[PDB]
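Below is one structure, written out as structure tokens; the observations come after it.
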Amino acid sequence: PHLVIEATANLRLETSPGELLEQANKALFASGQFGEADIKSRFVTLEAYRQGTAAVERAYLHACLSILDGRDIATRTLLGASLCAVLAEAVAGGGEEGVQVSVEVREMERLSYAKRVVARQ
Amino acid sequence: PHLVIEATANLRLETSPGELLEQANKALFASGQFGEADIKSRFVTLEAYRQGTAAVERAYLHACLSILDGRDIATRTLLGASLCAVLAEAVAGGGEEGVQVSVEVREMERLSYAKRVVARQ
Amino acid sequence: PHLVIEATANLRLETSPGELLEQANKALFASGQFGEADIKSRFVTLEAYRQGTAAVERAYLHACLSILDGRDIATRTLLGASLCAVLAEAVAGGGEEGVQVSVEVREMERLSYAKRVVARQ
Amino acid sequence: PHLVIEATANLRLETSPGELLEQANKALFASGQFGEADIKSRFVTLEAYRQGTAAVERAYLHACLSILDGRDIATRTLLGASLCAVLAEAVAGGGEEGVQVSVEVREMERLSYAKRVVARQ
Amino acid sequence: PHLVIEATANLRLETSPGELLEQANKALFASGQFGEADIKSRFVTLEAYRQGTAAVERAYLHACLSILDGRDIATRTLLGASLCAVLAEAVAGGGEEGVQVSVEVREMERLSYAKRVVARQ
Amino acid sequence: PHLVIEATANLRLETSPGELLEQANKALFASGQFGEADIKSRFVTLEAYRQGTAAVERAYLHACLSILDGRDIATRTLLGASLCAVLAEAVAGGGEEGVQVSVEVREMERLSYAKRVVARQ
Amino acid sequence: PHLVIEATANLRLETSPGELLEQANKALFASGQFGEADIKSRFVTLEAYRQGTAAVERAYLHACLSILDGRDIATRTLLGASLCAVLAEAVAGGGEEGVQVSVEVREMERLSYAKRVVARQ
Amino acid sequence: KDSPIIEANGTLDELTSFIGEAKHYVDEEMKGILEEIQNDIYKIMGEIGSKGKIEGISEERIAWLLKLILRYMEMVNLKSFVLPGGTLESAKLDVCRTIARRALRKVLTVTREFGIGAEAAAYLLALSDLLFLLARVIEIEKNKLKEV
Amino acid sequence: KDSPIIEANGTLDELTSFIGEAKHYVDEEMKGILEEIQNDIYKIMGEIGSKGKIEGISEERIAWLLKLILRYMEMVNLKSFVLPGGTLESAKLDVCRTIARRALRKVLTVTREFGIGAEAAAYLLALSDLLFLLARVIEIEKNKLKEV
Amino acid sequence: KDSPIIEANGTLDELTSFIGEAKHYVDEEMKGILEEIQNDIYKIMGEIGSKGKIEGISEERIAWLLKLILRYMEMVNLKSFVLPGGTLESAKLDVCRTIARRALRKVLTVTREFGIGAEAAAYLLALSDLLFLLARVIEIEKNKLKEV
Amino acid sequence: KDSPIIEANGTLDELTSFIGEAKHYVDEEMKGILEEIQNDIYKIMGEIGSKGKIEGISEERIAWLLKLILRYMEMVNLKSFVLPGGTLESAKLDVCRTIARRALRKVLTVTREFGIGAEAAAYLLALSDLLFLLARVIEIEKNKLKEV
Amino acid sequence: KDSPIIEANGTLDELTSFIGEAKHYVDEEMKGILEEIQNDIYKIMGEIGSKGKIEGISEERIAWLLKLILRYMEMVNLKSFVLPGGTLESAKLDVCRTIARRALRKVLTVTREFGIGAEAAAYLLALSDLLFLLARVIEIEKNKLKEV
Amino acid sequence: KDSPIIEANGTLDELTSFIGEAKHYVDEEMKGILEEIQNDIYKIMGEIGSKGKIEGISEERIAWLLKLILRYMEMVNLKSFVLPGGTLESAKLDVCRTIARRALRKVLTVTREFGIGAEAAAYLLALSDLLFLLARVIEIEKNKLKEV
Amino acid sequence: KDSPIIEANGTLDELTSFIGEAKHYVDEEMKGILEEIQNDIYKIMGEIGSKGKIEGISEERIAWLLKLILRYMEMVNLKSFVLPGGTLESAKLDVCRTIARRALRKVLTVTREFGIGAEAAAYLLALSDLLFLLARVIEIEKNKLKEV
Amino acid sequence: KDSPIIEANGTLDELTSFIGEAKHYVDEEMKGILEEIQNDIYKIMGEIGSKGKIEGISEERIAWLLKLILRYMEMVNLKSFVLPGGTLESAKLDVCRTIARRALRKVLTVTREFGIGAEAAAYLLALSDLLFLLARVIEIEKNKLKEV
């Protein structure tokens with residue numbers, strides 16, 4: 001599966017991005033749904049961002065888990081709630097109000113999905 | 001909802017990225033579909049890019065609006081046409097030919113969607 | 001169509017990102033499915049990334065092709081297999097084990113899709 | 001089955017209420033649908049009554065046969081027409097105009113119907 | 001149609017039973033659903049009655065409108081609400097608490113319904 | 001709900017009509033289906049009655065429970081069997097043979113049902 | 001039910017045909033599906049037989065249980081597996097290779113099935 | 001026209017035709033009764049045939065059968081089941097009785113689909129009961145009750 | 001009750017009613033046979049009417065028809081097809097034969113839907129074959145065989 | 001949301017919009033009545049729009065219409081059928097009356113499918129009857145009753 | 001009653017109500033024409049409402065519209081498409097024209113399902129064509145033809 | 001043609017007809033805006049009517065509405081819900097707003113079945129939002145805001 | 001046999017098996033009560049298993065439960081909701097209560113499809129209510145009421 | 001995966017879990033038998049879970065149950081029906097017996113739809129028969145046979 | 001109410017009842033955990049029972065399970081598959097685990113049909129995973145790991 005974490009530049013975290021990704025992968029592996037080496041996650045800092053129209057200092061944290069189709073909605077919901085827990089506990093603060101944390105779970109088409117291993121070892 | 005704007009490095013805009021995001025959020029809020037503080041948009045400059053196979057200087061501007069499912073196709077089409085209008089009027093020029101502006105509207109699964117507010121205020 | 005290539009910072013390629021994008025566009029155009037100037041691809045280097053929970057040096061290469069709906073599954077599968085071939089042959093090496101290469105093909109909603117050409121030439 | 005006969009106080013009959021009930025039971029038994037001892041009928045005189053809004057002396061005679069479901073519409077219609085014949089021939093006169101005679105046939109839910117015999121003999 | 005009004009002996013009314021029946025018939029005729037002379041209503045005082053298990057002085061007023069099937073649910077609901085309005089405004093008081101007023105609208109089977117006019121004038 | 005108990009004049013009971021109604025309400029409340037103050041029951045003595053065509057001294061005891069629709073058939077059957085138990089144990093004797101005890105459970109249309117509380121306290 | 005056991009003349013058994021039939025009937029009765037006296041089985045020795053085209057000494061043991069339709073597939077499968085167990089343990093040896101043991105369970109049409117008892121005792 | 005309508009009208013037309021044959025094997029009293037039934041059937045066929053537009057039989061016609069049923073019920077007090085057609089005359093009535101019930105089955109289809117013929121269905125039901133009594137009466141007078 | 005059940009029982013009731021009429025046009029021998037059939041039909045109607053709860057006819061009753069069929073087959077050796085009702089008496093039997101097959105069609109519907117009446121269906125089938133033979137026998141004795 | 005819900009709410013929104021236009025062609029008395037109706041419609045739209053979650057109109061609101069109906073019924077005693085819109089003012093009310101019945105048809109679909117809006121359906125039915133009376137009253141005062 | 005019947009009658013009732021409003025914005029000549037249409041619609045509603053039992057409009061009524069259509073076709077000779085409602089008066093007619101076509105869609109549903117209202121459907125079709133011409137005539141006299 | 005196509009085109013034709021009436025109750029500025037809408041609707045009807053063969057409205061036409069919406073949103077800052085038609089002029093716009101949403105419901109049916117009219121559906125949605133703002137603006141200028 | 005029948009009988013067989021386990025954790029009084037229930041369940045399984053042919057429980061058996069329910073209702077007067085299994089003994093009864101309701105769901109399927117088991121369904125419903133009371137009584141005596 | 005597959009595997013997983021509890025209430029001999037059953041169930045779950053790809057139990061495993069059934073049938077010779085759970089130990093087995101039959105119902109659904117699990121279904125059927133015998137044996141040794 | 005709702009609520013009620021029994025076979029630490037689960041199940045039943053009207057469990061409740069799962073995953077590092085119920089205590093948890101997954105299957109039906117209970121479904125899934133770990137932990141401490 002593919003996990004992409006997006007955080008605004010003004011968002012403060014309790015951990016480093018690397019530590020956050022490790023915690024996220026542990027949570028994903030705790031579902032027993034994926035192989036260990038298949039969990040591929042990444043972290044991106046948003047430099048240009050606007051939250052709404054109001055003139056209020058805001059910061060948000062969003063994640064997008066992309067998995068191959070097949071799992072039921074119970075599994076998809078659990079995975080999202082799992083990542084959201086990790087992301088929420090990592091937030092130290094941001095802006096001058098509450099920080100919105102969101103996690104999306106989307107499904108990749110398995111039949112058209114291409115995968116190979118190169119420089120094998 | 002989540003809005004991601006992607007612009008090639010050689011694309012010139014009539015406004016700054018921040019001003020473009022503010023105009024985009026105003027257009028989204030003008031639909032009366034979303035709460036103000038829920039509109040979370042971001043802007044990204046593409047450094048590595050190729051448009052086609054021809055040896056012509058080109059620049060493109062793409063946007064991707066991700067909303068929770070439930071809205072009809074009339075609303076989804078209106079939102080896309082709304083963002084495309086804002087993006088088109090922001091383009092000053094790019095490359096040695098016309099600039100392609102595109103907007104995609106996709107739907108996030110609501111039932112598996114996780115959302116929390118941390119560092120509340 | 002929109003193509004996004006993501007590569008970890010520790011991944012070594014046989015070609016430059018620009019050369020990789022050109023090879024990818026040639027492969028996409030070889031399907032005879034898209035117009036030349038419509039193929040809009042981009043390359044992104046991942047700076048913050050974790051693959052799994054194990055303490056092993058790893059590197060992965062992922063691509064995401066977004067096309068308008070309408071094509072059959074044979075075409076979608078062929079496009080993914082086409083990009084995966086280009087990406088695999090570009091990988092020189094990474095980490096201390098095999099490099100996982102993956103390509104996703106997703107469909108954009110055509111009816112709500114907005115597209116315009118500005119600064120026309 | 002249960003039969004309830006309602007007659008306005010100003011209605012004159014050719015027979016006593018008891019004789020009317022006996023004639024009604026004979027008509028019901030003549031259908032060959034019910035056991036003899038199962039036919040339970042009663043007669044009630046209406047003291048407080050109004051027929052319409054006009055200031056005309058009126059009198060009506062209504063009956064309500066309640067049987068367990070199962071019988072076809074031909075049987076239900078026949079039973080109603082049978083009782084209506086008995087009731088019509090019993091009417092001597094009432095009010096200063098014609099007397100309306102009506103018979104309703106309704107069905108009781110058999111599956112939830114409770115029945116017992118106490119003080120058995 | 002047939003209307004039966006039941007009132008507990010301890011219930012006090014603003015009008016006589018006869019006046020109440022006249023008001024009820026006017027309300028039924030105001031629907032334009034029935035012929036004037038077809039509206040046959042009656043009033044009954046309940047001498048033996050219990051409302052609940054509590055030892056509280058209570059009084060209730062119930063009505064049952066029986067009409068031939070065919071009318072939509074909008075008409076049936078309107079008729080019930082119409083009778084309930086008449087019954088509610090007629091209640092002066094009863095027991096040592098609030099008086100429950102209820103109106104039921106039921107449908108008689110038209111096809112098996114028998115009706116005749118005797119002693120014609 | 002509305003409960004109507006009908007007993008022939010020649011039927012002897014172990015309890016008074018009032019005591020019988022109290023026992024009936026306790027049984028209905030024991031189902032946990034209805035609110036206490038909603039259970040509205042009444043008792044009526046039949047003066048004019050005939051059971052069958054035979055010349056045998058007979059007496060019967062019938063009840064009719066009217067509840068709003070929604071409950072399953074298991075509940076409706078249980079309610080009828082509950083009332084029938086109370087009625088059967090109340091019968092001391094009647095006529096020169098066994099006394100038939102019956103209980104009907106019918107459903108009132110909820111959507112067209114009108115209910116109000118007047119002289120509120 | 002009807003059971004027919006067929007064995008090639010060169011097949012050696014651990015028991016006599018009669019003892020084999022008794023063991024088979026005990027197994028069939030152990031299912032609790034049939035009455036004791038209804039289990040009618042028979043044994044036949046095959047004198048003219050060929051197994052395949054190869055020139056190898058072979059011997060096989062086949063059974064065919066015919067029961068009236070109605071039983072589920074779980075029962076039919078169990079009966080076949082039951083008979084096959086009895087037949088397999090009875091085989092001592094045959095030919096110059098392994099002995100194939102097979103059991104078929106077929107269903108007789110119950111509605112057209114004729115059965116009588118003559119010379120009754 | 002609609003098939004249920006056509007079939008019902010045809011079976012009714014068959015009923016009155018068998019009655020028209022049976023009335024030549026009964027006395028002058030029953031003959032007058034059967035001819036009244038033929039007129040009612042004709043009135044019924046008009047109702048069903050016109051899909052409800054033309055008025056069918058009145059309530060009194062059903063009440064007329066019940067008058068006869070109650071009348072002949074006092075003459076017939078048998079307990080055990082009997083074999084149809086104790087005499088040739090009664091056999092004609094037993095036939096008409098079964099045709100009447102066959103007509104009833106067709107009419108019920110019309111009633112359940114088009115919502116008409118409820119009155120007619122009740123008539124045919126009572127008619128079959130009367131034809132049963134009329135058949136037993138004839139057998140009783142000649143004492144030819146064959147039982148099961 | 002269920003419509004296939006009602007229709008089957010009605011048609012059977014019609015069959016025994018036509019048989020009840022035909023038995024007044026045959027000799028004392030065939031009359032006794034037809035009356036035995038009426039009793040069997042009555043037993044069949046109880047089975048179908050009770051939806052299988054009440055026991056129908058026995059196996060011997062079917063074997064009884066076959067005894068008669070084999071018996072009258074020796075008296076009937078015609079080759080060419082014949083027109084029904086060479087005589088008035090045989091015409092009654094030809095009618096009953098067709099009603100019996102109509103009853104068979106109704107019973108088969110019950111059997112295919114409820115899984116009962118297989119025995120009864122076999123009886124009606126053999127019954128129609130017997131009624132065919134009985135009709136030809138009468139025509140043979142009076143020599144009124146009308147051929148196609 | 002569900003199509004029957006959306007269509008019902010839209011038609012109701014159209015009803016109150018036509019009423020909002022008609023109230024500029026009536027006296028101050030009827031204007032106050034029509035504005036009360038607009039508030040009720042708004043309360044109804046909330047009930048249907050929320051698929052039953054939000055409470056709709058009360059029983060008294062229906063009783064309020066009946067108070068007006070009985071009141072204006074004493075002023076309208078016409079026998080023959082009349083052509084809609086004797087005057088321009090009454091024509092506005094005749095329009096609103098038909099839109100109200102169109103809203104009723106949509107609400108009934110919701111009631112038959114989701115089991116809500118029975119109260120609202122009764123209101124719209126009584127509303128159309130009131131709008132009929134209000135239209136005839138205006139025509140009566142100016143004596144412009146056009147008959148068929 | 002049946003939903004297609006109820007919807008058709010309601011839409012027709014709405015049509016004549018809008019016509020009843022528009023006739024206060026036209027001259028005395030067109031007012032007389034529109035009132036004749038209202039009477040025809042009333043006659044149509046009786047036919048559809050009674051599910052075909054009550055006679056609808058005659059053939060001459062359709063021929064009456066065609067007389068007017070041919071008459072006003074000589075006054076209207078425009079080529080380019082025009083925007084509805086060049087004047088306030090003509091705007092009322094353009095509205096009625098669209099309501100008439102909406103009524104036509106409902107009636108066609110009745111015709112395709114119940115086999116009635118073919119005559120009425122033809123009337124509404126010709127009616128919409130007449131209302132188009134009447135609207136353009138008014139715009140022509142005041143010279144307010146707005147084109148696309 | 002297909003019923004969803006016919007119904008959508010008819011409702012659109014009705015929308016522009018009501019707009020054609022409302023434009024005689026607004027100032028010269030809004031009249032020019034409404035007439036531009038009429039031309040767009042005409043272009044939309046061509047697209048839907050030809051089942052997608054003829055090109056509909058452009059992207060700029062939708063962007064044109066949004067220019068007006070954002071413009072009038074600065075003039076309308078109400079919190080509480082308001083009753084439609086504070087003035088006679090605004091009442092006309094409130095009507096057109098509801099007809100526009102009714103047209104939207106019909107077009108959506110076409111889009112979900114034939115895969116065309118997505119652009120047109122977005123236009124009608126934005127159109128209804130503009131007509132809402134235009135109605136409130138008129139009420140604001142004359143200070144006739146009636147609230148719930 | 002039919003799947004709804006098989007499933008109902010199986011679940012009932014499971015119910016009496018869990019009751020058979022729970023009766024080793026209760027006093028001698030409740031043990032006698034539970035064993036009476038086991039006999040009733042056995043009688044119920046015979047009714048459902050035979051598809052209605054074999055007589056099920058009597059009316060008095062349901063009245064027997066109600067005698068116990070009314071009896072233990074006087075001992076249980078809790079307001080707040082409680083967590084199942086305050087004690088190990090009561091936990092066994094809470095389990096049986098849920099299995100009984102699961103049996104009820106299966107029986108209701110049979111009743112809605114085959115029209116049998118209405119009496120049995122009422123029994124299981126009352127049974128679950130009794131098992132609830134019996135569980136709370138045990139918790140009350142040992143004072144282990146765990147609330148939410 | 002497919003719902004019938006998921007439900008079957010879940011019920012099987014529940015069966016071996018109840019067996020895993022019951023084996024702590026039996027002697028060392030039956031405990032070894034129940035643990036062999038748990039291994040078979042695990043092998044069955046692999047077959048059903050993989051939709052037939054992975055090999056299930058062998059023929060000998062079914063023959064193994066029959067060896068035990070025939071063995072314990074000689075120890076159990078009761079005539080009258082007995083109430084489940086004469087002892088606490090046997091009650092555990094009676095529970096497992098019913099869960100096994102519930103698993104059988106789920107597996108049969110898979111077999112009738114996917115054509116796999118016929119062997120497994122036969123195993124569960126024989127398993128339930130063995131668990132019945134094992135339960136009665138325990139009751140016999142302690143002499144706690146409760147009859148109906 | 002709806003059958004999928006009733007079945008889901010019943011199975012959930014059964015789950016918390018089995019948990020209520022198992023908590024008398026665990027230490028004081030796990031007992032407190034299981035009682036927290038019972039409260040969550042009660043909150044879930046309110047959500048499903050009210051068809052989504054009443055708020056269910058919060059996001060933190062799911063995060064609470066994951067805290068425990070990650071905690072006990074460090075104590076359980078087995079490779080080979082194990083037979084359920086190594087000890088009597090763990091056997092109770094293995095049972096509850098399977099009931100929880102059975103509840104999950106019922107809730108998923110509700111989610112796929114009514115669009116509610118997605119949060120609850122995720123909870124039950126994580127619950128079953130926790131009950132698995134809790135069962136293995138007990139077996140590990142007493143060293144009773146039975147493998148396949």
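Residues are named by chain letter and number: chains run A, B, ... in the order of the structure tokens, numbers start at 1 in each chain, and ligands are numbered from 1 in the order shown.
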
Check the DSSP output for the backbone and give back, as a PDB file with C-alpha atoms, in the first residue's frame, the residues of chain C in alpha helix (DSSP H).
```pdb
ATOM      1  CA  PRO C  17      14.361  12.531 -14.311  1.00  0.00           C
ATOM      2  CA  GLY C  18      13.785  14.503 -17.515  1.00  0.00           C
ATOM      3  CA  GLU C  19      14.961  11.625 -19.696  1.00  0.00           C
ATOM      4  CA  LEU C  20      12.746   9.266 -17.697  1.00  0.00           C
ATOM      5  CA  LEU C  21       9.697  11.458 -18.300  1.00  0.00           C
ATOM      6  CA  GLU C  22      10.426  11.570 -22.033  1.00  0.00           C
ATOM      7  CA  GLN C  23      10.641   7.773 -22.180  1.00  0.00           C
ATOM      8  CA  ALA C  24       7.383   7.529 -20.234  1.00  0.00           C
ATOM      9  CA  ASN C  25       5.584   9.893 -22.611  1.00  0.00           C
ATOM     10  CA  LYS C  26       6.829   7.948 -25.636  1.00  0.00           C
ATOM     11  CA  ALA C  27       5.441   4.749 -24.119  1.00  0.00           C
ATOM     12  CA  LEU C  28       2.090   6.398 -23.399  1.00  0.00           C
ATOM     13  CA  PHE C  29       1.889   7.840 -26.914  1.00  0.00           C
ATOM     14  CA  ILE C  73      -9.569  -2.777 -18.670  1.00  0.00           C
ATOM     15  CA  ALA C  74      -7.297  -4.153 -21.402  1.00  0.00           C
ATOM     16  CA  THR C  75      -6.142  -0.628 -22.232  1.00  0.00           C
ATOM     17  CA  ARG C  76      -5.729   0.364 -18.580  1.00  0.00           C
ATOM     18  CA  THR C  77      -3.706  -2.781 -17.871  1.00  0.00           C
ATOM     19  CA  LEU C  78      -1.553  -2.234 -20.964  1.00  0.00           C
ATOM     20  CA  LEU C  79      -0.795   1.372 -19.996  1.00  0.00           C
ATOM     21  CA  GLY C  80       0.279   0.326 -16.508  1.00  0.00           C
ATOM     22  CA  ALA C  81       2.446  -2.502 -17.817  1.00  0.00           C
ATOM     23  CA  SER C  82       3.927  -0.055 -20.320  1.00  0.00           C
ATOM     24  CA  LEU C  83       4.940   2.499 -17.693  1.00  0.00           C
ATOM     25  CA  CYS C  84       6.198  -0.234 -15.365  1.00  0.00           C
ATOM     26  CA  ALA C  85       8.533  -1.458 -18.103  1.00  0.00           C
ATOM     27  CA  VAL C  86      10.010   2.016 -18.585  1.00  0.00           C
ATOM     28  CA  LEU C  87      10.403   2.554 -14.839  1.00  0.00           C
ATOM     29  CA  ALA C  88      12.004  -0.852 -14.253  1.00  0.00           C
ATOM     30  CA  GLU C  89      14.650  -0.406 -16.954  1.00  0.00           C
ATOM     31  CA  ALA C  90      15.496   3.029 -15.553  1.00  0.00           C
TER      32      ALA C  90
END
```

Closest-contact table, chain O side, partner chain F, 12 Å, counting only C-alpha atoms, as a Markdown table:
```
| residue | atom | partner | partner_atom | distance |
| --- | --- | --- | --- | --- |
| O:1 | CA | F:70 | CA | 7.4 |
| O:2 | CA | F:70 | CA | 10.5 |
| O:3 | CA | F:72 | CA | 10.8 |
| O:6 | CA | F:72 | CA | 11.5 |
```

Residues of stretch 50-111 of chain E in strand (DSSP E or B), written as number ranges by chain: E: 50-51, 60-69, 71, 91-94, 99-108

The coordinates of chain F, once least-squares superposed on chain A over all sequentially paired C-alpha atoms, should be supplied as a short mmCIF file (atom, residue, chain, number, x, y, z; two decimals) with C-alpha atoms, in the first residue's frame.
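Below you can see superposed_6.cif, which holds the result:
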```cif
data_model
loop_
_atom_site.label_atom_id
_atom_site.label_comp_id
_atom_site.auth_asym_id
_atom_site.auth_seq_id
_atom_site.Cartn_x
_atom_site.Cartn_y
_atom_site.Cartn_z
CA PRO F 1 0.00 0.00 0.00
CA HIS F 2 0.96 3.65 -0.46
CA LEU F 3 0.67 6.24 2.32
CA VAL F 4 1.11 9.97 1.76
CA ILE F 5 1.18 12.36 4.71
CA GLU F 6 0.77 16.10 4.11
CA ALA F 7 1.48 18.70 6.80
CA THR F 8 1.39 22.50 6.64
CA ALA F 9 4.69 24.27 7.29
CA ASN F 10 3.33 26.00 10.40
CA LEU F 11 2.29 22.71 12.01
CA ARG F 12 4.36 21.57 15.00
CA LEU F 13 4.75 17.85 15.68
CA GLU F 14 5.74 15.89 18.78
CA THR F 15 8.06 13.81 16.61
CA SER F 16 10.20 14.11 13.48
CA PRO F 17 8.64 13.25 10.09
CA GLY F 18 10.71 10.06 10.02
CA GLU F 19 9.51 8.99 13.46
CA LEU F 20 5.94 9.76 12.39
CA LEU F 21 6.27 7.54 9.33
CA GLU F 22 7.64 4.69 11.45
CA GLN F 23 4.69 4.96 13.84
CA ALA F 24 2.31 5.00 10.88
CA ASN F 25 3.86 1.87 9.37
CA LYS F 26 3.65 0.04 12.70
CA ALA F 27 -0.05 0.88 12.90
CA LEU F 28 -0.64 -0.32 9.34
CA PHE F 29 1.27 -3.55 9.97
CA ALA F 30 -0.75 -4.06 13.16
CA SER F 31 -3.80 -4.70 10.98
CA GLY F 32 -2.22 -7.88 9.63
CA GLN F 33 -3.45 -6.88 6.18
CA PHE F 34 -0.16 -6.10 4.45
CA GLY F 35 3.31 -7.57 4.15
CA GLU F 36 5.99 -5.61 5.98
CA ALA F 37 8.07 -4.58 2.95
CA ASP F 38 4.95 -3.60 1.00
CA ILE F 39 4.09 -0.67 3.27
CA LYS F 40 5.49 2.32 1.38
CA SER F 41 4.84 5.66 3.09
CA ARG F 42 6.06 9.22 2.51
CA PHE F 43 5.86 12.63 4.21
CA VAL F 44 5.45 16.01 2.50
CA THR F 45 5.56 19.53 3.96
CA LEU F 46 3.12 22.00 2.40
CA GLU F 47 4.73 25.40 1.81
CA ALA F 48 1.86 27.05 -0.07
CA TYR F 49 -1.48 26.54 1.67
CA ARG F 50 -4.76 28.24 2.59
CA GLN F 51 -7.44 26.92 4.93
CA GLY F 52 -10.71 28.70 4.23
CA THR F 53 -11.41 32.37 3.58
CA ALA F 54 -11.09 33.71 7.13
CA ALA F 55 -8.00 35.60 8.29
CA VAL F 56 -7.13 33.10 11.03
CA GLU F 57 -3.82 31.30 11.59
CA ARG F 58 -4.61 27.66 10.80
CA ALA F 59 -2.76 24.38 10.28
CA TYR F 60 -4.00 20.99 9.10
CA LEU F 61 -2.66 17.45 8.78
CA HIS F 62 -3.96 15.14 6.06
CA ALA F 63 -3.12 11.56 5.06
CA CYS F 64 -4.09 9.41 2.08
CA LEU F 65 -3.82 5.62 2.24
CA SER F 66 -3.99 3.89 -1.14
CA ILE F 67 -4.60 0.14 -0.98
CA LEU F 68 -5.48 -2.49 -3.59
CA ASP F 69 -9.20 -3.27 -3.73
CA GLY F 70 -10.64 -6.37 -2.07
CA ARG F 71 -10.85 -5.46 1.61
CA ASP F 72 -14.26 -4.86 3.19
CA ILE F 73 -15.40 -1.48 4.51
CA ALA F 74 -14.67 -2.57 8.09
CA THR F 75 -10.99 -2.96 7.23
CA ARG F 76 -10.84 0.31 5.29
CA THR F 77 -12.51 2.18 8.16
CA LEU F 78 -10.19 0.57 10.71
CA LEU F 79 -7.08 1.52 8.72
CA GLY F 80 -8.20 5.13 8.48
CA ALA F 81 -9.05 5.32 12.17
CA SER F 82 -5.68 3.74 12.91
CA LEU F 83 -3.69 6.32 10.95
CA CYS F 84 -5.82 9.16 12.32
CA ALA F 85 -4.93 8.08 15.86
CA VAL F 86 -1.20 8.15 15.09
CA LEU F 87 -1.46 11.53 13.35
CA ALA F 88 -3.53 13.10 16.14
CA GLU F 89 -1.12 12.09 18.91
CA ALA F 90 1.79 13.46 16.88
CA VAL F 91 0.31 16.96 16.65
CA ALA F 92 1.79 19.34 19.22
CA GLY F 93 0.08 22.47 17.93
CA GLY F 94 -0.39 24.83 15.01
CA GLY F 95 -1.93 28.18 14.15
CA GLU F 96 -4.05 29.99 16.73
CA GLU F 97 -6.86 27.43 16.86
CA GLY F 98 -7.57 23.71 16.66
CA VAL F 99 -5.73 21.56 14.12
CA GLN F 100 -7.86 19.51 11.73
CA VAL F 101 -6.55 15.98 11.20
CA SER F 102 -7.99 13.88 8.38
CA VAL F 103 -7.26 10.49 6.80
CA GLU F 104 -8.59 9.22 3.47
CA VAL F 105 -8.63 5.57 2.42
CA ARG F 106 -8.86 4.97 -1.33
CA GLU F 107 -8.72 1.81 -3.43
CA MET F 108 -6.37 1.14 -6.34
CA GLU F 109 -7.53 -1.05 -9.22
CA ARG F 110 -5.83 -4.40 -8.65
CA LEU F 111 -6.33 -5.91 -12.11
CA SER F 112 -4.56 -3.07 -13.93
CA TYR F 113 -1.96 -2.64 -11.19
CA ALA F 114 1.62 -3.26 -12.32
CA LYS F 115 4.39 -4.29 -9.92
CA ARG F 116 7.98 -5.48 -10.39
CA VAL F 117 11.17 -5.93 -8.37
CA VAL F 118 14.39 -4.65 -9.95
CA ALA F 119 18.06 -4.85 -8.83
CA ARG F 120 16.93 -7.95 -6.98
CA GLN F 121 18.52 -9.06 -3.70
#
```
